[PDB]
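Enquirer: mmCIF, C-alpha atoms and all ligand atoms, file run.cif:
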data_run
loop_
_atom_site.label_atom_id
_atom_site.label_comp_id
_atom_site.auth_asym_id
_atom_site.auth_seq_id
_atom_site.Cartn_x
_atom_site.Cartn_y
_atom_site.Cartn_z
CA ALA A 1 1.46 -14.39 15.15
CA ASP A 2 0.25 -17.10 12.80
CA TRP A 3 -2.06 -16.52 9.84
CA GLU A 4 -5.01 -17.98 11.76
CA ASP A 5 -4.84 -15.45 14.62
CA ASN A 6 -4.92 -12.67 12.02
CA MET A 7 -7.90 -14.33 10.32
CA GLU A 8 -9.68 -14.42 13.68
CA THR A 9 -8.85 -10.75 14.28
CA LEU A 10 -10.28 -9.76 10.90
CA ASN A 11 -13.47 -11.74 11.59
CA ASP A 12 -13.91 -10.35 15.11
CA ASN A 13 -13.50 -6.75 13.97
CA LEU A 14 -15.82 -7.35 11.02
CA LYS A 15 -18.51 -8.54 13.43
CA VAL A 16 -17.79 -5.51 15.64
CA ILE A 17 -18.46 -3.27 12.63
CA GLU A 18 -21.60 -5.29 11.92
CA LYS A 19 -22.79 -4.38 15.43
CA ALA A 20 -21.34 -0.85 15.63
CA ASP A 21 -23.43 2.18 16.63
CA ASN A 22 -21.39 5.30 15.75
CA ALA A 23 -18.41 6.03 13.50
CA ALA A 24 -15.69 5.73 16.17
CA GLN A 25 -16.18 1.99 16.67
CA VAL A 26 -16.11 1.46 12.90
CA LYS A 27 -12.89 3.48 12.64
CA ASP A 28 -11.20 1.58 15.48
CA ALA A 29 -12.28 -1.86 14.24
CA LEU A 30 -11.16 -1.09 10.67
CA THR A 31 -7.81 0.19 11.95
CA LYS A 32 -7.38 -3.09 13.82
CA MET A 33 -8.34 -4.87 10.59
CA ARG A 34 -5.68 -2.95 8.66
CA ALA A 35 -3.07 -3.93 11.26
CA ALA A 36 -4.16 -7.58 11.16
CA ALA A 37 -4.00 -7.69 7.36
CA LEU A 38 -0.52 -6.15 7.38
CA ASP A 39 0.55 -8.77 9.93
CA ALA A 40 -0.99 -11.63 7.93
CA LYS A 41 1.01 -10.42 4.92
CA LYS A 42 4.09 -11.80 6.72
CA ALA A 43 2.55 -15.21 7.45
CA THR A 44 2.40 -18.43 5.44
CA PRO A 45 -1.08 -19.96 5.00
CA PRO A 46 -1.38 -23.68 5.79
CA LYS A 47 -2.00 -24.68 2.15
CA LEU A 48 1.28 -22.95 1.17
CA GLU A 49 3.42 -24.17 4.10
CA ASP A 50 5.01 -26.78 1.80
CA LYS A 51 5.81 -24.29 -0.97
CA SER A 52 8.67 -21.99 -1.86
CA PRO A 53 8.38 -18.56 -0.21
CA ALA A 54 9.33 -17.35 -3.71
CA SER A 55 6.51 -19.23 -5.44
CA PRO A 56 3.92 -17.27 -7.46
CA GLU A 57 1.33 -18.51 -4.96
CA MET A 58 3.04 -16.65 -2.11
CA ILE A 59 3.24 -13.51 -4.26
CA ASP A 60 -0.47 -13.79 -5.09
CA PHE A 61 -1.24 -14.29 -1.38
CA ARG A 62 0.58 -11.07 -0.47
CA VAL A 63 -0.92 -9.04 -3.34
CA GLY A 64 -4.40 -10.26 -2.40
CA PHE A 65 -3.77 -8.92 1.08
CA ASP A 66 -2.69 -5.66 -0.60
CA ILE A 67 -6.03 -5.54 -2.44
CA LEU A 68 -7.80 -6.15 0.87
CA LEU A 69 -5.76 -3.35 2.47
CA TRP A 70 -6.88 -0.89 -0.21
CA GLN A 71 -10.53 -1.91 0.21
CA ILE A 72 -10.00 -1.39 3.96
CA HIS A 73 -8.61 2.07 3.18
CA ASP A 74 -11.78 2.83 1.23
CA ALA A 75 -13.98 1.68 4.12
CA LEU A 76 -11.88 3.70 6.59
CA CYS A 77 -12.25 6.76 4.37
CA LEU A 78 -16.02 6.23 4.44
CA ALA A 79 -15.97 5.91 8.24
CA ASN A 80 -13.75 8.97 8.72
CA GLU A 81 -16.39 11.03 6.89
CA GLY A 82 -18.95 9.86 9.45
CA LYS A 83 -20.64 7.47 6.96
CA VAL A 84 -21.57 4.74 9.40
CA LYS A 85 -24.09 2.87 7.24
CA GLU A 86 -21.88 3.00 4.15
CA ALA A 87 -18.82 1.94 6.11
CA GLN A 88 -20.84 -1.06 7.30
CA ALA A 89 -22.02 -1.82 3.75
CA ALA A 90 -18.42 -1.69 2.50
CA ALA A 91 -17.36 -3.91 5.40
CA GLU A 92 -20.00 -6.42 4.30
CA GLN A 93 -18.02 -6.69 1.05
CA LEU A 94 -14.76 -7.10 2.98
CA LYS A 95 -16.37 -10.11 4.67
CA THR A 96 -16.90 -11.94 1.37
CA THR A 97 -13.16 -11.65 0.68
CA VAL A 98 -11.89 -12.43 4.20
CA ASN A 99 -14.11 -15.51 4.24
CA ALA A 100 -13.09 -16.90 0.81
CA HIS A 101 -9.41 -16.28 1.33
CA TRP A 102 -10.00 -18.21 4.55
CA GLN A 103 -11.81 -21.03 2.74
CA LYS A 104 -9.12 -21.33 0.03
CA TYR A 105 -5.77 -20.93 1.81
CA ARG A 106 -7.05 -23.05 4.74
CA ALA B 1 19.17 0.62 -3.41
CA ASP B 2 20.87 2.27 -0.41
CA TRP B 3 19.07 1.71 2.88
CA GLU B 4 21.10 4.37 4.71
CA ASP B 5 20.30 7.34 2.46
CA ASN B 6 16.58 6.58 2.72
CA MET B 7 16.79 6.18 6.51
CA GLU B 8 18.55 9.56 6.57
CA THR B 9 15.79 11.13 4.46
CA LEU B 10 13.25 9.70 6.91
CA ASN B 11 15.00 11.19 9.95
CA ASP B 12 15.63 14.58 8.30
CA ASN B 13 12.03 14.94 7.13
CA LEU B 14 10.86 13.95 10.61
CA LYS B 15 12.91 16.87 11.95
CA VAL B 16 11.40 19.10 9.26
CA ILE B 17 7.89 18.04 10.32
CA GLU B 18 8.68 18.72 13.98
CA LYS B 19 10.03 22.19 13.14
CA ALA B 20 7.31 22.95 10.58
CA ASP B 21 5.11 26.05 10.84
CA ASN B 22 2.24 25.29 8.43
CA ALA B 23 0.54 22.23 6.96
CA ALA B 24 2.37 22.58 3.63
CA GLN B 25 5.83 21.81 5.03
CA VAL B 26 4.38 18.82 6.89
CA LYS B 27 2.75 17.56 3.68
CA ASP B 28 5.98 17.95 1.71
CA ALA B 29 8.12 16.21 4.32
CA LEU B 30 5.58 13.38 4.56
CA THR B 31 5.64 12.94 0.78
CA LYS B 32 9.45 12.84 0.88
CA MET B 33 9.27 10.22 3.63
CA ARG B 34 6.81 8.16 1.58
CA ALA B 35 9.16 8.23 -1.40
CA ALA B 36 12.15 7.28 0.77
CA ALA B 37 10.27 4.38 2.36
CA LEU B 38 9.09 3.08 -1.01
CA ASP B 39 12.70 3.25 -2.22
CA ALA B 40 14.03 1.46 0.88
CA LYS B 41 11.46 -1.28 0.23
CA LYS B 42 13.80 -2.48 -2.54
CA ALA B 43 16.98 -2.30 -0.44
CA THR B 44 18.73 -5.06 1.51
CA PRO B 45 20.00 -3.97 4.96
CA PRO B 46 23.50 -5.02 6.05
CA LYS B 47 21.95 -7.18 8.77
CA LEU B 48 20.24 -9.13 5.96
CA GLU B 49 22.77 -8.74 3.10
CA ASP B 50 23.59 -12.45 3.68
CA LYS B 51 19.99 -13.74 3.50
CA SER B 52 17.71 -14.79 0.64
CA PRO B 53 15.24 -12.32 -0.91
CA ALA B 54 12.35 -14.73 -0.19
CA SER B 55 13.47 -15.46 3.39
CA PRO B 56 11.04 -14.59 6.20
CA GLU B 57 13.38 -11.79 7.27
CA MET B 58 13.14 -10.02 3.90
CA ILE B 59 9.36 -10.45 3.92
CA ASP B 60 9.08 -8.91 7.38
CA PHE B 61 11.40 -6.11 6.24
CA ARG B 62 9.24 -5.17 3.25
CA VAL B 63 5.98 -5.55 5.17
CA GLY B 64 7.27 -3.35 8.00
CA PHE B 65 7.95 -0.77 5.33
CA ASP B 66 4.35 -1.20 4.14
CA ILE B 67 3.23 -0.58 7.74
CA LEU B 68 5.36 2.57 7.84
CA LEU B 69 3.77 3.61 4.54
CA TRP B 70 0.26 3.30 5.98
CA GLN B 71 1.31 5.29 9.05
CA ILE B 72 2.66 7.96 6.69
CA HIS B 73 -0.68 7.83 4.86
CA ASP B 74 -2.54 8.53 8.11
CA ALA B 75 -0.21 11.44 8.89
CA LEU B 76 -0.64 12.83 5.36
CA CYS B 77 -4.43 12.56 5.60
CA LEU B 78 -4.23 14.54 8.84
CA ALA B 79 -1.94 17.15 7.27
CA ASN B 80 -4.18 17.58 4.21
CA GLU B 81 -7.17 18.36 6.46
CA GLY B 82 -5.34 21.24 8.17
CA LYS B 83 -4.88 19.63 11.61
CA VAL B 84 -1.19 20.49 11.85
CA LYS B 85 -0.79 19.62 15.53
CA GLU B 86 -2.38 16.17 15.20
CA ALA B 87 -0.27 15.59 12.07
CA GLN B 88 2.92 16.38 13.99
CA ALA B 89 1.78 14.16 16.88
CA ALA B 90 1.18 11.33 14.40
CA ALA B 91 4.65 11.98 12.98
CA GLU B 92 5.85 11.38 16.54
CA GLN B 93 4.46 7.88 16.06
CA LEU B 94 6.66 7.67 12.96
CA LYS B 95 9.90 8.49 14.79
CA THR B 96 9.63 5.45 17.08
CA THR B 97 8.78 3.07 14.23
CA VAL B 98 11.64 4.47 12.12
CA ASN B 99 14.06 4.19 15.05
CA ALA B 100 13.02 0.60 15.76
CA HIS B 101 13.38 -0.41 12.10
CA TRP B 102 16.76 1.35 12.30
CA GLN B 103 18.24 -0.35 15.39
CA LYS B 104 16.85 -3.79 14.54
CA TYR B 105 17.86 -3.87 10.87
CA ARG B 106 21.02 -1.69 11.07
CA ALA C 1 -5.92 -10.19 -16.87
CA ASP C 2 -2.34 -10.31 -18.14
CA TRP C 3 0.32 -7.60 -17.96
CA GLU C 4 -0.61 -6.14 -21.36
CA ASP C 5 -4.33 -5.94 -20.55
CA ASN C 6 -3.58 -4.12 -17.30
CA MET C 7 -1.22 -1.64 -18.97
CA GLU C 8 -3.87 -1.01 -21.63
CA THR C 9 -6.44 -0.40 -18.88
CA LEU C 10 -4.06 2.11 -17.31
CA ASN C 11 -3.54 3.94 -20.62
CA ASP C 12 -7.24 4.01 -21.54
CA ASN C 13 -8.26 5.39 -18.17
CA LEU C 14 -5.42 7.93 -18.34
CA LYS C 15 -6.96 9.40 -21.49
CA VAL C 16 -10.42 9.22 -20.00
CA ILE C 17 -9.22 11.40 -17.12
CA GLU C 18 -7.41 13.60 -19.64
CA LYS C 19 -10.60 14.47 -21.53
CA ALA C 20 -13.08 14.17 -18.65
CA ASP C 21 -15.45 17.03 -17.79
CA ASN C 22 -16.67 16.43 -14.22
CA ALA C 23 -15.15 14.69 -11.21
CA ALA C 24 -17.16 11.46 -11.48
CA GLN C 25 -15.38 10.30 -14.65
CA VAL C 26 -12.01 11.15 -13.08
CA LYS C 27 -12.71 9.11 -9.93
CA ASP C 28 -14.12 6.20 -11.95
CA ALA C 29 -11.08 6.05 -14.24
CA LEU C 30 -8.65 6.38 -11.33
CA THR C 31 -10.39 3.56 -9.44
CA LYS C 32 -10.10 1.42 -12.57
CA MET C 33 -6.39 2.33 -12.67
CA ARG C 34 -5.91 1.33 -9.03
CA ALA C 35 -7.52 -2.06 -9.60
CA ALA C 36 -5.46 -2.61 -12.77
CA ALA C 37 -2.19 -1.74 -11.01
CA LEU C 38 -2.96 -4.03 -8.07
CA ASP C 39 -3.70 -6.86 -10.50
CA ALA C 40 -0.55 -6.18 -12.54
CA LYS C 41 1.51 -6.44 -9.34
CA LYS C 42 0.93 -10.22 -9.57
CA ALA C 43 1.93 -10.26 -13.25
CA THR C 44 5.18 -11.27 -14.96
CA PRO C 45 6.32 -8.67 -17.53
CA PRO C 46 7.83 -9.99 -20.78
CA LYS C 47 11.42 -9.00 -19.93
CA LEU C 48 11.18 -10.95 -16.63
CA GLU C 49 9.53 -14.05 -18.08
CA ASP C 50 11.98 -16.57 -16.62
CA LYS C 51 13.41 -14.77 -13.58
CA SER C 52 12.34 -16.00 -10.16
CA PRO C 53 9.31 -14.25 -8.62
CA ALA C 54 11.56 -13.24 -5.69
CA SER C 55 14.28 -11.85 -7.96
CA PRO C 56 15.43 -8.29 -7.20
CA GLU C 57 14.15 -7.28 -10.65
CA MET C 58 10.67 -8.59 -9.81
CA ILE C 59 10.78 -6.93 -6.38
CA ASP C 60 11.65 -3.61 -8.04
CA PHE C 61 8.81 -4.23 -10.51
CA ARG C 62 6.29 -4.69 -7.69
CA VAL C 63 7.63 -1.68 -5.78
CA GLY C 64 7.32 0.49 -8.88
CA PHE C 65 3.69 -0.57 -8.99
CA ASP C 66 3.39 0.41 -5.31
CA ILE C 67 4.73 3.87 -6.21
CA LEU C 68 2.14 4.05 -9.00
CA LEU C 69 -0.55 3.08 -6.48
CA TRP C 70 0.36 5.85 -4.04
CA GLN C 71 0.36 8.41 -6.85
CA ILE C 72 -3.05 7.06 -7.90
CA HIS C 73 -4.27 7.55 -4.33
CA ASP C 74 -3.06 11.16 -4.32
CA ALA C 75 -4.87 11.87 -7.59
CA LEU C 76 -8.00 10.12 -6.29
CA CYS C 77 -7.96 12.30 -3.17
CA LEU C 78 -7.58 15.45 -5.28
CA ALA C 79 -10.53 14.35 -7.43
CA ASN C 80 -12.75 13.46 -4.46
CA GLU C 81 -12.25 17.00 -3.12
CA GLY C 82 -13.69 18.34 -6.39
CA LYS C 83 -10.32 19.66 -7.64
CA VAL C 84 -10.76 18.26 -11.15
CA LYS C 85 -8.02 20.36 -12.76
CA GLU C 86 -5.50 19.51 -10.03
CA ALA C 87 -6.53 15.86 -10.42
CA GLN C 88 -5.83 15.92 -14.17
CA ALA C 89 -2.52 17.69 -13.57
CA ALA C 90 -1.57 14.96 -11.08
CA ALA C 91 -2.67 12.35 -13.62
CA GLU C 92 -0.20 13.94 -16.03
CA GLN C 93 2.50 12.68 -13.66
CA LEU C 94 0.67 9.34 -13.64
CA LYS C 95 1.26 9.16 -17.39
CA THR C 96 5.00 9.66 -16.91
CA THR C 97 5.22 6.75 -14.47
CA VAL C 98 2.99 4.46 -16.54
CA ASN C 99 4.94 5.12 -19.74
CA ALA C 100 8.32 4.70 -18.02
CA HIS C 101 7.14 1.38 -16.58
CA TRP C 102 5.98 0.25 -20.03
CA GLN C 103 9.23 1.39 -21.68
CA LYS C 104 11.39 -0.48 -19.15
CA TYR C 105 9.47 -3.77 -18.80
CA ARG C 106 8.28 -4.39 -22.38
MN MN A 201 -6.51 8.17 1.71
NA NA A 202 7.45 -9.11 -2.17
#
Could you render the structure as structure tokens?

Expert:
Amino acid sequence: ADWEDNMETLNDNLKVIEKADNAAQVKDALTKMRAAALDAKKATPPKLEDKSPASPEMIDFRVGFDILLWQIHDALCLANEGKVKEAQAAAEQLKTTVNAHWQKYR
Amino acid sequence: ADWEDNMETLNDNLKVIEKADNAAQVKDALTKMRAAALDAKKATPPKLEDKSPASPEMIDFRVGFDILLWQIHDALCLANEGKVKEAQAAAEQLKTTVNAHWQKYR
Amino acid sequence: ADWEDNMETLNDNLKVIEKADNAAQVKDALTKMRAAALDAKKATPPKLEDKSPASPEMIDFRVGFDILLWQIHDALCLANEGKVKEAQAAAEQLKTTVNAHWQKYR
């Protein structure tokens, strides 16, 4: 898939967490988010489509997705312990990175 | 360095997990698999030994290994919590991913 | 931060864990270490100043940092369970990896 489909998947699952009721929906949505971030790691953002795949910008893109993946791991650890409200609070932080990375690499 | 030795290690530790009696053997084999996958991250498969290290193929290679690493993390989290049967079942999700990465990139 | 600042962060937090008393300091220092390693993944060590970011040396550099990250996660899990002594023992292995990385890439 392209980078934009993965962006849309992240946003949709973030809203799903925003509306979630129990811990299972949070776990499933954050797992889908992890998968979408791993997939987006293989994509080229539009702003970097004219750049070397070996450029430092591509490296920084991928390592930023690594940082996001580790924050997602933290949120998933919170959700696996049944912490619904804290998983949602942590996901509210994920949003400020997902939308930001969206606004820059657009 | 060598893709084949690490793929071996993966298969052998999968067998060890399947034939394991307690959670400790599962944990140890999963740690060995994690080490082998991290090592294979640096390798170049023969199907791509004629491609550039920044090519999309190499990127997909390394990111598929990251995906395998997160699957191994899930299995290890299961094993640490004492759910041996669910950990083995999750390791049965690892055999298919390992085999696909094998056939496609070997 | 640069490469040197991140390595100094890693060292400082290593000692903090080493002389900590409760689990909270251990988890705080290990979280600092995780952030520092993720940031250093985007760095260019002095011995690789002019090599391409997609060079095999740089790929091995980033994968060594991935190994460090997974060890950091293991220590963080041991500390979150309350096993402070096991966490510090695991962080002793963290010191080995950090110092080897500094001795090879300085
Ligand atoms: Mn974990
Ligand atoms: Na890379």

Enquirer: Could the residues of chain B that have an atom at most 12 Å from ligand NA 202 (chain A) be listed as CSV, each with its closest atom pair and the distance in Å to one decimal, counting only C-alpha atoms and all ligand atoms and ordered by chain and ascending residue number?

Expert:
residue,atom,partner,partner_atom,distance
B:41,CA,A:NA202,NA,9.1
B:42,CA,A:NA202,NA,9.2
B:43,CA,A:NA202,NA,11.8
B:53,CA,A:NA202,NA,8.5
B:54,CA,A:NA202,NA,7.7
B:55,CA,A:NA202,NA,10.4
B:56,CA,A:NA202,NA,10.6
B:57,CA,A:NA202,NA,11.5
B:58,CA,A:NA202,NA,8.4
B:59,CA,A:NA202,NA,6.5
B:60,CA,A:NA202,NA,9.7
B:61,CA,A:NA202,NA,9.8
B:62,CA,A:NA202,NA,6.9
B:63,CA,A:NA202,NA,8.3
B:64,CA,A:NA202,NA,11.7
B:65,CA,A:NA202,NA,11.2
B:66,CA,A:NA202,NA,10.6

Enquirer: What is the Cα root-mean-square deviation, to one decimal place in Å, for chain B superposed on chain A with all Cα atoms matched in order?

Expert: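 It comes to 0.5 Å after superposition.
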
Enquirer: Counting all atoms listed in the file, what residues are within 9 Å of ligand MN 201 (chain A), given as a list in words?

Expert: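 After applying the 9 Å limit, what remains is residues 73, 74, 76 and 77 of chain A; 73, 74, 76 and 77 of chain B; 73, 74, 76 and 77 of chain C.
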
Enquirer: Let me make sure I understand: among C:39, C:28, C:49, C:21, which one has the smallest atom-to-atom distance to residue 7 of chain C if we use only C-alpha atoms?

Expert: C:39

Enquirer: Report the distance between atom CA of residue 33 of chain A and atom CA of residue 45 of chain A in Å, rounded to one decimal place.

Expert: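 Calculated distance between atom CA of residue 33 of chain A and atom CA of residue 45 of chain A is 17.7 Å.
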
Enquirer: For a test of reading the model, state the distance in Å between atom CA of residue 46 of chain B and atom CA of residue 14 of chain B, rounded to one decimal.

Expert: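 Going from atom CA of residue 46 of chain B over to atom CA of residue 14 of chain B covers 23.2 Å.
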
Enquirer: Tell me which protein, DNA and RNA residues are within 7 Å of residue 16 of chain C, counting all atoms listed in the file, leaving out same-chain ones fewer than 4 positions away, and put them as a list in words.

Expert: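 Those residues are residues 12, 20 and 29 of chain C.
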
Enquirer: Between atom CA of residue 71 of chain C and atom CA of residue 70 of chain A, what is the distance, to one decimal in Å?

Expert: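 For atom CA of residue 71 of chain C relative to atom CA of residue 70 of chain A, the distance reads 13.5 Å.
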